[PDB]
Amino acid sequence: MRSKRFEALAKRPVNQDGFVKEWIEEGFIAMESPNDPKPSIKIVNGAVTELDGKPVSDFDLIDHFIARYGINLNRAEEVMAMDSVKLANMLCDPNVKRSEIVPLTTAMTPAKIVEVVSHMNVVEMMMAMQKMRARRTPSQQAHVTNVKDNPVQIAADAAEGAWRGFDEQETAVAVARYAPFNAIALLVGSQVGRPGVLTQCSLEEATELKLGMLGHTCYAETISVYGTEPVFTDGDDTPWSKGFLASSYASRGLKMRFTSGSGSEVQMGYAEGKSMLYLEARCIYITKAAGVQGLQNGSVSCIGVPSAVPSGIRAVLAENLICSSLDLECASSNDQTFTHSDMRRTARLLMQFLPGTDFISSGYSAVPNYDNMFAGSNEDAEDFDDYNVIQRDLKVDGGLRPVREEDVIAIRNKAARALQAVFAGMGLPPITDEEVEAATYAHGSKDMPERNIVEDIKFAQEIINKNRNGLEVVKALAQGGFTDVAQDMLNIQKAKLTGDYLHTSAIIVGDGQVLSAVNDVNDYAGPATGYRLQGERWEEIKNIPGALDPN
């Protein structure tokens, strides 16, 4: 005889999630493992000889890169001698300036900073994160994709995402050969929705760089690094190849970050017996060592791995905190499905949403999750109204705003009309007036007419093989009745000339104003200081739909 209470609980979505007991020998443990090395460092003649228990004669490529470029050796011995509990206390103490902490953490070893944050509970970590976040203003990044790679829908969804507040937007492709079309549609739509939104198209690394060189992207993020040598090898890179890639992006004036995240090494089969958090700390120091300004982390695509084991979502917040504490921009995930439960995914989001990070999510789905080509995000388009309500409930700036349906329809329509003009001016397969209308009123690709995919594929690849660059898109908009959009597209390209938006946490707001950690420095010093939601931004967030007036 069964308890009907337990029958009711067995049907709950959360019991469809994947949980596992810790498996230490294969690194299936989130943090605080017995196999993790004890922090240590020895320095002779300005060169590291021992790093976290490992002598330099046993260094893998990751150890060499971190030991040579990733640690401030002038104070490493000093900071290693400090008490880890006291250091954790300094992290969440509102009266210890961010500028006083960065010289300490950047002199820590990977094991040392993991030891520091592992003394903290999630409230302490959030208290620290609101201080250690590099940019004073938090922001947000969206995915814009669909399962058909329909460029008309991408441009419309991108315009709506930019209109709702995303400052970076990311696309990806079901069919890799479509990518030039996805990149152009994303860029056009983003500039229509808000001039200055930065766009990326996530592909294999050599392919993505070439796409950037031609001018069809604004930045790149999915430049992956990994925490053990055999995993890094199967990702088709070394720390030196990825460091060279980072400098190649900058040499073309393109902003970029790395991507890592807890659980990748487990997911790819060689965790070398270490906890997810310790291996992720190696990834963060690889990023620091390469001179890359920022990092997308917080498990990202492998969220199913840490979320399966105890303290996994706390470990995800800890890896975000390590990132910001090392003075990197942190695009803090919240971009990938891990649970059937609305309660559970909300708890996971609030860890970054409440204190704020440089990008609270690094991929909120601006489309319904069925169209999300990263296999689903932790939030999607159907959550927009909940997200705004929680901003208003808690007085938290989560980067987004309530919007009017009439405005969104207009801006989606303009984005599709602008792309239609690009495709006509550049001689690409027609975008018909029926599709402009469909993209205007769509929720997702189920509302879109089918396109001739093989004709799109052929002309997308001609963009690459004939090196058709971003100036052709400017010209088409200008010859097609979109002088305003053409100018905004030109202004995005000009930002690649100044180097300004290469700096830590840089986005582009207002009338082409770069806003980075350099000129928007976080100055948190406790209550009533630091970023506060107020003024007209608060008026924007208050104005949710359905609020009845009693006057």
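In case it trips you up, residue 1 is the first one in the sequence shown, and so on.
- Here the stretch with the larger average CA B-factor, out of 454-462 and 240-248, is 454-462.
- Taking only CA atoms, the mean B-factor in the PDB entry is higher for 465-473 than for the other of 465-473 and 299-307.
- Highest C-alpha temperature factor among 91, 225, 268, 220 per the entry: 268.
- Ranking 31, 56, 508, 66 by Cα temperature factor from the entry places 56 first.
- Among the modelled residues of its chain, residue 45 has a C-alpha B-factor that falls in the highest third according to the deposited record.
- Per-chain ranking of the deposited C-alpha B factor places residue 482 in the highest third.
- Annotation for residue 176: CA B-factor lies in the highest third of the chain's modelled residues.
- In the PDB entry, residue 522 places in the lowest third of its chain by CA B-factor.
- When the CA B factors of the chain's modelled residues are split into thirds, the value for residue 370 lands in the middle one.
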